[PDB]
Amino acid sequence: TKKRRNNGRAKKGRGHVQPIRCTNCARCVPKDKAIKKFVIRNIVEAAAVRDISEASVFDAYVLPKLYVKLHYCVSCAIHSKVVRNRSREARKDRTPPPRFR
Amino acid sequence: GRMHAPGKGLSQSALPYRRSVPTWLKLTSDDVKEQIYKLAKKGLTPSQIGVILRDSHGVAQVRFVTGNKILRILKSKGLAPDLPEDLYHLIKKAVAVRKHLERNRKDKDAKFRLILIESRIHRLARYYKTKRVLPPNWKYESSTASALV
Amino acid sequence: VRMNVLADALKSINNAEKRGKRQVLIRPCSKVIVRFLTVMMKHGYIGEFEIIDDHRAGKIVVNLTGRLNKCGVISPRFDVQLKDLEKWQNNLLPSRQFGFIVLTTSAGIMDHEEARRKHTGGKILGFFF
Amino acid sequence: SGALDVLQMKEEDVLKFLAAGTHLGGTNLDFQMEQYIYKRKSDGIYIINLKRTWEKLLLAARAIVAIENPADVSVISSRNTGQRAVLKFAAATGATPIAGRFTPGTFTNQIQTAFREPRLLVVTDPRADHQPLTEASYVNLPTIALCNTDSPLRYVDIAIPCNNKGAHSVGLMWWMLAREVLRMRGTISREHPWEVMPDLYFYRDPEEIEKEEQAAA
Amino acid sequence: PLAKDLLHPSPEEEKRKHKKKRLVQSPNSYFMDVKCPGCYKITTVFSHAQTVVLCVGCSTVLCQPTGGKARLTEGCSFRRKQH
Amino acid sequence: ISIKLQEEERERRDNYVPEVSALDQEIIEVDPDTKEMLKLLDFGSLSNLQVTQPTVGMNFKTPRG
Amino acid sequence: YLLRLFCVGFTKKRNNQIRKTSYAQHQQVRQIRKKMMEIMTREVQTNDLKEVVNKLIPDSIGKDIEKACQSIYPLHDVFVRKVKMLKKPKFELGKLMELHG
RNA sequence: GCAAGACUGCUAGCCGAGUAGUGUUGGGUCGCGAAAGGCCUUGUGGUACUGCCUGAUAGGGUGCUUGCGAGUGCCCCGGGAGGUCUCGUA
RNA sequence: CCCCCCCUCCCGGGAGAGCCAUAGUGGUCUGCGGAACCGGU
RNA sequence: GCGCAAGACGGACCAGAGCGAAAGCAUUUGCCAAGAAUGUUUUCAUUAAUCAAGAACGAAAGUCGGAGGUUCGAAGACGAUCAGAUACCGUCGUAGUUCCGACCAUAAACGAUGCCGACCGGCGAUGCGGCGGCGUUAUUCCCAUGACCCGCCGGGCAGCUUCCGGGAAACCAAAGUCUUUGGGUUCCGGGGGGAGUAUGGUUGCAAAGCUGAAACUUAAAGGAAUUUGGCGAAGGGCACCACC
Ligand SMILES: [Zn+2]
């Protein structure tokens with residue numbers, strides 16, 4: 001039984017792409033098949049941001065962020081509840097969930 | 001589709017239905033004939049001759065101002081070469097590819113393109129032999145690379 | 001490449017009739033096509049069909065009345081006899097009250113009934129019903 | 001519709017068309033509405049030809065008055081914009097309205113209380129209201145549509161090019177259709193128009209009902 | 001369309017289509033003539049030159065080879081000829 | 001369910017009409033494309049119609065991603 | 001003094017643009033790189049270290065870069081990302097005193 | 001040669017003058033651009049404002065705001081009065 | 001004196017390359033006839 | 001934290017994007033050679049399509065000879081897990097991994113769908129080349145130039161939708177134009193095991209690659225989808241025969 005419209009990745013005219021490595025795993029999943037994440041994280045999220053700011057010598061100093069990205073294998077991503085399964089009638093929904101915060 | 005390329009193309013000339021001499025042009029046959037004579041003794045191939053005539057002298061085509069094409073005129077004079085121009089260019093391209101592959105050893109796709117152009121040379125050679133413009137003892141090899149350049 | 005223009009023409013007019021277009025286009029043209037379309041219009045499955053002429057390749061515009069069901073081509077070019085065409089029309093035609101078999105004889109492109117009444121036969125072009 | 005002399009458009013109908021905004025279309029373009037769009041103007045808006053609109057209005061009005069039973073034609077509305085128009089049109093002409101949640105058990109289910117099979121169906125828009133099209137497919141029932149240049153056309157006998165995003169345009173088109181069908185039936189004579197009010201079919205948003213209630217006595 | 005008439009449509013319909021999809025077969029390119037502003041002799045040139053051409057008298061180059069139609073030298077008067 | 005009385009704000013509202021029809025505006029805002037549309041149907045020009053400038057700015061078709 | 005100046009550049013998305021891709025061809029990038037190398041090597045080989053540093057404390061090289069490269073494809077973000085030194089001349093004291101005044 | 005019409009850049013009285021200087025995309029009739037000096041009727045009515053900044057009252061960067069988003073506010077000189085503008089506070 | 005100040009409101013004087021316009025103002029387009037045709041220098 | 005030295009690799013930029021016949025291909029620069037598409041009122045004029053013989057290329061792993069081999073890491077060595085692990089896990093670790101040659105021609109080398117050519121609907125996008133048309137950007141006026149926008153043309157990866165139509169259904173704009181059965185052409189299969197097995201030939205230093213049985217047993221082996229299952233599957237709600 002064929003499952004999807006595509007083959008499950010972003011290979012449609014190439015045949016082979018470069019392999020990448022997972023973060024919590026080490027599987028050599030291809031780049032067009034894996035799951036990426038462009039996460040933005042501050043140095044202090046909500047824990048002691050006022051304690052950091054009031055201890056700062058420089059007036060009007062803003063904390064920087066950490067723009068790092070991670071690569072997940074499919075089993076590693078489904079174990080960490082990153083992606084979730086759904087039904088067949090809504091499986092053709094490429095649109096991401098909405099962003100608010 | 002093409003006979004070696006994977007893709008299909010559509011790009012060629014398209015003569016109009018109107019088979020007539022252009023009324024705005026005032027040219028006879030003798031002046032354009034000696035223009036063919038001069039541009040042929042200058043040392044150019046007939047495709048470039050048709051290009052330079054329809055570029056400079058404003059002629060639509062020679063077939064609409066005469067009753068024959070370029071190579072028939074050149075063989076009527078006798079200045080047409082014994083080797084056809086497309087076969088000459090294909091042999092020159094094959095000689096250049098083999099000369100490049102002499103010094104570049106590990107080059108697989110260039111060798112494949114050499115095989116393809118040798119197949120083209122073979123197909124045109126069988127066609128030109130069976131239409132009685134070349135003698136049957138003619139045969140293309142690598143050692144003829146300096147013979148028919 | 002294209003090596004049977006009549007099969008392509010009949011398949012194109014069959015597809016365009018099944019969709020229901022009124023005026024169709026055929027990119028090649030030949031003697032066999034124009035005599036086949038005249039015997040079409042004489043027996044009454046089409047209307048006023050046109051043709052454009054140029055010095056390269058003519059095209060044919062055919063008017064339709066919807067009085068056709070399916071119009072196929074025998075490929076390759078088979079030959080029949082007078083004691084043989086009944087075998088073809090029994091296993092090919094949908095009935096004997098309608099459906100015609102066209103064939104090329106010595107007198108030209110013509111259908112099987114006047115070939116039967118004139119007692120001659122030859123190679124077979126196609127069929128329509 | 002265009003074969004005779006008196007059936008052509010009048011002088012104030014063009015003014016009502018240009019006032020109500022019955023000439024501008026959406027953003028895209030369909031492949032069945034190609035013969036009503038003449039030329040694409042700026043801001044990605046296509047223009048319908050108003051002569052075509054008036055002509056198809058005459059043809060649809062003729063098809064409506066062709067039957068001799070006034071209570072056998074049905075009008076359908078789904079969205080909250082055009083609601084009073086079809087109701088007062090059925091009050092004037094004699095039609096049967098269904099406004100708001102067209103139940104699917106009307107033309108097919110023959111045991112229900114709301115079982116009425118009509119002869120002609122008039123839909124406000126096929127895209128916004130497609131349920132009576134599917135049920136009209138299952139019985140001998142033609143449809144009349146007020147379609148826009150972005151509305152898909154399917155199971156439609158007579159198509160009216162319209163701008164169905166403003167309530168004034170839909171109400172004025174219903175007003176002219178009612179005017180034409182009563183002139184063709186023989187109630188209002190052709191030599192004198194009955195044009196007393198086009199705002200009988202105009203819908204206004206729920207601000208203006210309170211505003212006009214406070215303004216009036 | 002159902003009864004789409006392919007006998008004689010509007011000329012915009014043959015304009016928007018391809019040069020070979022057109023039911024009457026005719027190309028789109030044309031012949032033209034153009035001069036030099038400081039000269040008397042005027043010569044003709046095709047719309048797609050594909051070689052660099054200079055006007056007669058060996059004074060100033062005229063056209064430039066492009067992928068499409070040949071662009072002309074700045075400050076030159078021309079008109080399309082037809083027959 | 002229907003209500004017998006809720007102080008006059010019922011289906012009697014679909015009876016009245018404003019005294020101004022809101023259609024006889026003295027100035028008609030018409031683009032020149034619509035002017036060349038209507039110059040060949042039944043009219044050629046109107047005194048109550050003002051020909052406006054074609055509001056052609058930059059573009060249209062705003063994106064959503 | 002021998003240096004190794006690095007540069008980086010990102011293209012500018014127009015406010016009128018609707019297409020989200022906004023890439024550039026390889027020859028455009030090649031000619032931009034050639035112009036960037038020529039402009040960057042022109043401003044250093046003519047002057048000493050102090051003058052090119054005083055030109056490098058504001059954005060003057062970068063201002064020249066988005067002055068000269070917007071004619072081929074509009075780009076907005078160019079910083080001199082890293083300057084690496086390789087070799088120094090013979091050690092002396094007058095230069096060290098004259099950089100301090 | 002006749003008939004008058006629609007559009008058109010600069011100057012603030014004119015010559016000086018589109019003149020030095022001024023630009024990298026490439027040229028063009030090529031933008032912006034004073035003068036010194038000299039000469040004449042002796043030099044425009046109604047109509048808005050101006051966050052430094054590269055190129056103007058334009059294009060292209062880019063703020064302060066109740067901490068959060070926003071309506072108002074932000075050229076040189078002078079006179080009086082006041083010293084906590086507002087809409088909801090994840 | 002709430003002030004070294006600074007800010008806001010009310011009222012005036014100066015440059016501008018906005019609109020309707022003035023004096024010196026440069027070109028494009030809108031019709032009519034070159035008595036009427038065929039070649040050489 | 002500062003220098004030296006070796007080897008490997010070119011992230012983020014990188015996308016349902018490009019190129020190539022496929023296997024595959026990402027630091028800049030310099031040289032050589034080839035090619036699709038676009039445009040053409042240029043040239044030869046049937047040179048055409050598919051292909052038994054035969055031929056080229058071909059991921060990793062494998063074998064033969066070398067300098068040199070960072071990191072990772074078959075077989076193996078040492079501890080914990082475990083009723084029992086010579087498995088999962090950790091630390092070392094040889095051959096290998098990279099380069100120059102010499103070879104076998106095997107993958108889910110799969111789009112599990114042969115090539116060419118004709119036809120049958122739409123929508124909105126991206127990539128190349130050409131084309132027409134408002135308005136902005138490279139000292140303020142023009143020109144084509146690079147970019148922005150609106151439409152058109154041809155080829156390619158495509159996406160959405162469609163009682164066109166097809167299919168056992170999953171699904172397909174081809175897997176369609178098929179009992180209303182014939183466009184041209186190459187390879188290839190008849191219930192399931194035995195068995196890609198033994199023999200024979202063939203190539204190879206080497207592993208194996210190609211070719212390719214018989215006896216006997218067997219009435220099922222298989223493909224699609226539905227109904228409550230049953231999940232150390234996910235997500236909601238309830239119970240003191242559950243908890244705080
Ligand atoms: Zn993982």
# chains A, B, ... in the order shown; residues from 1 in each chain; ligands from 1
$ residues_around --residues "segment 27-31 of chain A" --least-positions-apart "5" --cutoff "7 Å" --atoms "only C-alpha atoms (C1' of nucleotides)" --output "compact mmCIF listing (two decimals) with N, CA, C and O atoms, in the first residue's frame"
# COMPACT_ATOMS: atom_id res chain seq x y z
N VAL A 17 21.08 12.87 -2.04
CA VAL A 17 21.50 14.11 -1.41
C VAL A 17 22.52 13.77 -0.32
O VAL A 17 22.77 12.61 -0.02
N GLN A 18 23.10 14.81 0.26
CA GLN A 18 24.13 14.63 1.28
C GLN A 18 23.50 14.16 2.59
O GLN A 18 22.41 14.63 2.95
N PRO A 19 24.15 13.26 3.33
CA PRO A 19 23.59 12.82 4.61
C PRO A 19 23.98 13.76 5.75
O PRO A 19 25.05 14.36 5.75
N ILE A 20 23.08 13.86 6.73
CA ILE A 20 23.34 14.66 7.93
C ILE A 20 23.31 13.74 9.14
O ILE A 20 23.07 12.53 9.01
N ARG A 21 23.55 14.29 10.32
CA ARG A 21 23.57 13.54 11.56
C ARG A 21 22.52 14.08 12.52
O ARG A 21 22.30 15.29 12.58
N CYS A 22 21.88 13.18 13.26
CA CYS A 22 20.91 13.58 14.28
C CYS A 22 21.64 14.14 15.50
O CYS A 22 22.85 14.01 15.65
N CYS A 73 16.42 12.62 13.70
CA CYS A 73 15.93 11.43 13.03
C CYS A 73 14.44 11.26 13.34
O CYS A 73 13.90 11.89 14.25
$ residues_near_ligand --ligand "ligand 1" --cutoff "6 Å" --atoms "only C-alpha atoms (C1' of nucleotides) and all ligand atoms" --output "mmCIF file with C-alpha atoms, in the first residue's frame"
data_model
loop_
_atom_site.group_PDB
_atom_site.id
_atom_site.type_symbol
_atom_site.label_atom_id
_atom_site.label_comp_id
_atom_site.auth_asym_id
_atom_site.auth_seq_id
_atom_site.Cartn_x
_atom_site.Cartn_y
_atom_site.Cartn_z
ATOM 1 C CA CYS A 22 20.914 13.579 14.275
ATOM 2 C CA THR A 23 21.451 15.401 17.571
ATOM 3 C CA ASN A 24 20.053 13.111 20.276
ATOM 4 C CA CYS A 25 20.691 10.198 17.899
ATOM 5 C CA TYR A 72 16.297 14.981 14.219
ATOM 6 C CA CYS A 73 15.928 11.434 13.025
ATOM 7 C CA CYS A 76 14.097 10.575 17.759
ATOM 8 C CA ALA A 77 11.575 13.233 16.701
#
$ residues_around --residues "segment 26-38 of chain F" --least-positions-apart "5" --cutoff "8 Å" --atoms "only C-alpha atoms (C1' of nucleotides)" --output "ChimeraX atom specification"
/D:18-19,41,49 /F:43-44,48-54
$ write_last_selection --atoms "N, CA and C atoms" --output "PDB file, in the first residue's frame"
ATOM      1  N   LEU D  18     -24.148  51.758 -12.218  1.00  0.00           N
ATOM      2  CA  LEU D  18     -22.906  52.414 -11.820  1.00  0.00           C
ATOM      3  C   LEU D  18     -22.947  52.881 -10.370  1.00  0.00           C
ATOM      4  N   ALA D  19     -24.137  53.168  -9.836  1.00  0.00           N
ATOM      5  CA  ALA D  19     -24.235  53.554  -8.434  1.00  0.00           C
ATOM      6  C   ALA D  19     -24.079  52.351  -7.511  1.00  0.00           C
ATOM      7  N   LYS D  41      -8.889  45.838 -15.913  1.00  0.00           N
ATOM      8  CA  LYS D  41      -8.366  47.141 -15.535  1.00  0.00           C
ATOM      9  C   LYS D  41      -7.288  46.980 -14.464  1.00  0.00           C
ATOM     10  N   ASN D  49     -19.372  42.976 -18.838  1.00  0.00           N
ATOM     11  CA  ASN D  49     -20.081  43.836 -19.772  1.00  0.00           C
ATOM     12  C   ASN D  49     -21.533  43.949 -19.331  1.00  0.00           C
TER      13      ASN D  49
ATOM     14  N   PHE F  43     -24.978  55.328 -24.232  1.00  0.00           N
ATOM     15  CA  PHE F  43     -24.588  56.720 -24.063  1.00  0.00           C
ATOM     16  C   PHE F  43     -23.255  56.991 -24.744  1.00  0.00           C
ATOM     17  N   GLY F  44     -22.936  58.279 -24.856  1.00  0.00           N
ATOM     18  CA  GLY F  44     -21.616  58.699 -25.279  1.00  0.00           C
ATOM     19  C   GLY F  44     -20.909  59.501 -24.207  1.00  0.00           C
ATOM     20  N   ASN F  48     -23.656  64.324 -15.462  1.00  0.00           N
ATOM     21  CA  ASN F  48     -23.534  64.011 -14.043  1.00  0.00           C
ATOM     22  C   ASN F  48     -22.369  63.074 -13.737  1.00  0.00           C
ATOM     23  N   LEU F  49     -21.634  62.640 -14.755  1.00  0.00           N
ATOM     24  CA  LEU F  49     -20.510  61.732 -14.579  1.00  0.00           C
ATOM     25  C   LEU F  49     -19.215  62.534 -14.627  1.00  0.00           C
ATOM     26  N   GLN F  50     -18.354  62.328 -13.634  1.00  0.00           N
ATOM     27  CA  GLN F  50     -17.034  62.943 -13.589  1.00  0.00           C
ATOM     28  C   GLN F  50     -15.982  61.879 -13.873  1.00  0.00           C
ATOM     29  N   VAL F  51     -15.166  62.114 -14.899  1.00  0.00           N
ATOM     30  CA  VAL F  51     -14.114  61.172 -15.255  1.00  0.00           C
ATOM     31  C   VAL F  51     -12.940  61.371 -14.307  1.00  0.00           C
ATOM     32  N   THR F  52     -12.639  60.347 -13.519  1.00  0.00           N
ATOM     33  CA  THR F  52     -11.554  60.421 -12.555  1.00  0.00           C
ATOM     34  C   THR F  52     -10.249  59.931 -13.176  1.00  0.00           C
ATOM     35  N   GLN F  53      -9.151  60.258 -12.514  1.00  0.00           N
ATOM     36  CA  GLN F  53      -7.846  59.753 -12.911  1.00  0.00           C
ATOM     37  C   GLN F  53      -7.749  58.263 -12.582  1.00  0.00           C
ATOM     38  N   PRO F  54      -7.174  57.449 -13.485  1.00  0.00           N
ATOM     39  CA  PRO F  54      -6.948  56.032 -13.163  1.00  0.00           C
ATOM     40  C   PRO F  54      -5.959  55.852 -12.022  1.00  0.00           C
TER      41      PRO F  54
END
$ interface_residues --of "chain J" --to "chain A" --cutoff "7 Å" --atoms "only C-alpha atoms (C1' of nucleotides)" --output "ChimeraX atom specification"
/J:16,157,170
$ write_last_selection --atoms "N, CA, C and O atoms (P, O5', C5', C4', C3', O3' and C1' of nucleotides)" --output "PDB file, in the first residue's frame"
ATOM      1  P     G J  16      10.689  23.961   0.905  1.00  0.00           P
ATOM      2  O5'   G J  16      10.237  22.712   0.029  1.00  0.00           O
ATOM      3  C5'   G J  16       9.922  22.866  -1.347  1.00  0.00           C
ATOM      4  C4'   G J  16      10.302  21.640  -2.135  1.00  0.00           C
ATOM      5  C3'   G J  16       9.856  21.619  -3.589  1.00  0.00           C
ATOM      6  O3'   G J  16      10.736  22.333  -4.439  1.00  0.00           O
ATOM      7  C1'   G J  16       9.359  19.539  -2.555  1.00  0.00           C
ATOM      8  P     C J 157       8.977  16.646 -16.030  1.00  0.00           P
ATOM      9  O5'   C J 157       9.452  16.935 -14.537  1.00  0.00           O
ATOM     10  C5'   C J 157      10.603  16.299 -14.003  1.00  0.00           C
ATOM     11  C4'   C J 157      10.947  16.839 -12.639  1.00  0.00           C
ATOM     12  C3'   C J 157       9.805  16.886 -11.639  1.00  0.00           C
ATOM     13  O3'   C J 157       9.532  15.633 -11.038  1.00  0.00           O
ATOM     14  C1'   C J 157      10.999  18.931 -11.583  1.00  0.00           C
ATOM     15  P     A J 170     -10.131   4.149  -3.388  1.00  0.00           P
ATOM     16  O5'   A J 170      -9.201   3.860  -2.128  1.00  0.00           O
ATOM     17  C5'   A J 170      -8.085   4.691  -1.845  1.00  0.00           C
ATOM     18  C4'   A J 170      -6.852   3.881  -1.534  1.00  0.00           C
ATOM     19  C3'   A J 170      -5.527   4.551  -1.859  1.00  0.00           C
ATOM     20  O3'   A J 170      -5.103   5.433  -0.836  1.00  0.00           O
ATOM     21  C1'   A J 170      -5.525   2.341  -2.703  1.00  0.00           C
TER      22        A J 170
END
$ select_by_dssp --residues "chain G" --states "strand (DSSP E or B)" --output "ChimeraX atom specification"
/G:2-11,75-87
$ decode --residues "segment 33-110 of chain D" --atoms "C-alpha atoms" --output "PDB file, in the first residue's frame"
ATOM      1  CA  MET D  33     -16.653  33.554 -17.159  1.00  0.00           C
ATOM      2  CA  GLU D  34     -14.302  34.462 -20.023  1.00  0.00           C
ATOM      3  CA  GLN D  35     -17.046  35.595 -22.416  1.00  0.00           C
ATOM      4  CA  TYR D  36     -18.494  38.114 -19.930  1.00  0.00           C
ATOM      5  CA  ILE D  37     -15.226  39.782 -18.875  1.00  0.00           C
ATOM      6  CA  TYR D  38     -14.197  42.291 -21.510  1.00  0.00           C
ATOM      7  CA  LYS D  39     -10.917  43.807 -20.300  1.00  0.00           C
ATOM      8  CA  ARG D  40      -8.862  43.712 -17.098  1.00  0.00           C
ATOM      9  CA  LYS D  41      -8.366  47.141 -15.535  1.00  0.00           C
ATOM     10  CA  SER D  42      -5.838  48.079 -12.850  1.00  0.00           C
ATOM     11  CA  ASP D  43      -5.697  46.785  -9.242  1.00  0.00           C
ATOM     12  CA  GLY D  44      -6.354  43.226 -10.482  1.00  0.00           C
ATOM     13  CA  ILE D  45     -10.059  43.810 -11.165  1.00  0.00           C
ATOM     14  CA  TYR D  46     -11.949  42.419 -14.161  1.00  0.00           C
ATOM     15  CA  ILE D  47     -14.936  44.213 -15.716  1.00  0.00           C
ATOM     16  CA  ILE D  48     -18.138  42.454 -16.822  1.00  0.00           C
ATOM     17  CA  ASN D  49     -20.081  43.836 -19.772  1.00  0.00           C
ATOM     18  CA  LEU D  50     -23.329  45.416 -18.613  1.00  0.00           C
ATOM     19  CA  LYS D  51     -25.124  44.750 -21.918  1.00  0.00           C
ATOM     20  CA  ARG D  52     -24.457  41.037 -21.358  1.00  0.00           C
ATOM     21  CA  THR D  53     -25.815  41.381 -17.807  1.00  0.00           C
ATOM     22  CA  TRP D  54     -29.045  43.083 -18.928  1.00  0.00           C
ATOM     23  CA  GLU D  55     -29.449  40.580 -21.792  1.00  0.00           C
ATOM     24  CA  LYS D  56     -29.063  37.533 -19.540  1.00  0.00           C
ATOM     25  CA  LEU D  57     -31.388  39.203 -17.016  1.00  0.00           C
ATOM     26  CA  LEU D  58     -34.028  39.413 -19.755  1.00  0.00           C
ATOM     27  CA  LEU D  59     -33.450  35.759 -20.694  1.00  0.00           C
ATOM     28  CA  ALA D  60     -33.707  34.625 -17.055  1.00  0.00           C
ATOM     29  CA  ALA D  61     -36.860  36.705 -16.531  1.00  0.00           C
ATOM     30  CA  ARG D  62     -38.393  35.119 -19.644  1.00  0.00           C
ATOM     31  CA  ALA D  63     -37.501  31.657 -18.318  1.00  0.00           C
ATOM     32  CA  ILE D  64     -39.119  32.555 -14.982  1.00  0.00           C
ATOM     33  CA  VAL D  65     -42.360  33.871 -16.516  1.00  0.00           C
ATOM     34  CA  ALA D  66     -42.490  30.906 -18.944  1.00  0.00           C
ATOM     35  CA  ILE D  67     -44.263  28.746 -16.349  1.00  0.00           C
ATOM     36  CA  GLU D  68     -47.906  29.430 -15.494  1.00  0.00           C
ATOM     37  CA  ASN D  69     -47.678  28.503 -11.787  1.00  0.00           C
ATOM     38  CA  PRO D  70     -46.184  31.394  -9.769  1.00  0.00           C
ATOM     39  CA  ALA D  71     -45.879  29.272  -6.603  1.00  0.00           C
ATOM     40  CA  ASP D  72     -43.658  26.697  -8.350  1.00  0.00           C
ATOM     41  CA  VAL D  73     -40.471  28.799  -8.581  1.00  0.00           C
ATOM     42  CA  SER D  74     -38.116  28.689  -5.596  1.00  0.00           C
ATOM     43  CA  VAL D  75     -35.384  31.064  -4.443  1.00  0.00           C
ATOM     44  CA  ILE D  76     -32.491  30.097  -2.178  1.00  0.00           C
ATOM     45  CA  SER D  77     -30.323  32.265   0.058  1.00  0.00           C
ATOM     46  CA  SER D  78     -27.632  31.114   2.484  1.00  0.00           C
ATOM     47  CA  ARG D  79     -25.527  34.030   3.731  1.00  0.00           C
ATOM     48  CA  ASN D  80     -26.881  36.826   5.913  1.00  0.00           C
ATOM     49  CA  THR D  81     -26.373  39.545   3.268  1.00  0.00           C
ATOM     50  CA  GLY D  82     -29.294  38.863   0.946  1.00  0.00           C
ATOM     51  CA  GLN D  83     -32.239  37.817   3.121  1.00  0.00           C
ATOM     52  CA  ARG D  84     -35.042  40.381   2.785  1.00  0.00           C
ATOM     53  CA  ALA D  85     -34.621  40.529  -1.002  1.00  0.00           C
ATOM     54  CA  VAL D  86     -35.786  36.993  -1.799  1.00  0.00           C
ATOM     55  CA  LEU D  87     -38.522  37.196   0.866  1.00  0.00           C
ATOM     56  CA  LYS D  88     -40.117  40.369  -0.472  1.00  0.00           C
ATOM     57  CA  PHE D  89     -39.534  39.120  -4.035  1.00  0.00           C
ATOM     58  CA  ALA D  90     -41.565  36.013  -3.201  1.00  0.00           C
ATOM     59  CA  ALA D  91     -44.158  38.267  -1.570  1.00  0.00           C
ATOM     60  CA  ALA D  92     -44.414  40.360  -4.751  1.00  0.00           C
ATOM     61  CA  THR D  93     -44.138  37.780  -7.546  1.00  0.00           C
ATOM     62  CA  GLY D  94     -45.380  34.648  -5.786  1.00  0.00           C
ATOM     63  CA  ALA D  95     -42.230  32.551  -5.386  1.00  0.00           C
ATOM     64  CA  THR D  96     -41.193  30.301  -2.505  1.00  0.00           C
ATOM     65  CA  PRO D  97     -38.205  31.366  -0.361  1.00  0.00           C
ATOM     66  CA  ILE D  98     -35.678  29.323   1.610  1.00  0.00           C
ATOM     67  CA  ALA D  99     -33.310  31.628   3.516  1.00  0.00           C
ATOM     68  CA  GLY D 100     -30.759  30.267   5.963  1.00  0.00           C
ATOM     69  CA  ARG D 101     -29.780  26.588   6.364  1.00  0.00           C
ATOM     70  CA  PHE D 102     -31.276  24.950   3.309  1.00  0.00           C
ATOM     71  CA  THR D 103     -32.005  21.478   4.666  1.00  0.00           C
ATOM     72  CA  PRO D 104     -30.746  18.644   2.411  1.00  0.00           C
ATOM     73  CA  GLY D 105     -33.991  16.686   2.866  1.00  0.00           C
ATOM     74  CA  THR D 106     -36.294  18.704   0.596  1.00  0.00           C
ATOM     75  CA  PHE D 107     -36.188  17.577  -3.041  1.00  0.00           C
ATOM     76  CA  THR D 108     -35.132  13.956  -2.433  1.00  0.00           C
ATOM     77  CA  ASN D 109     -36.670  12.793   0.856  1.00  0.00           C
ATOM     78  CA  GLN D 110     -40.377  12.360   0.120  1.00  0.00           C
TER      79      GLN D 110
END
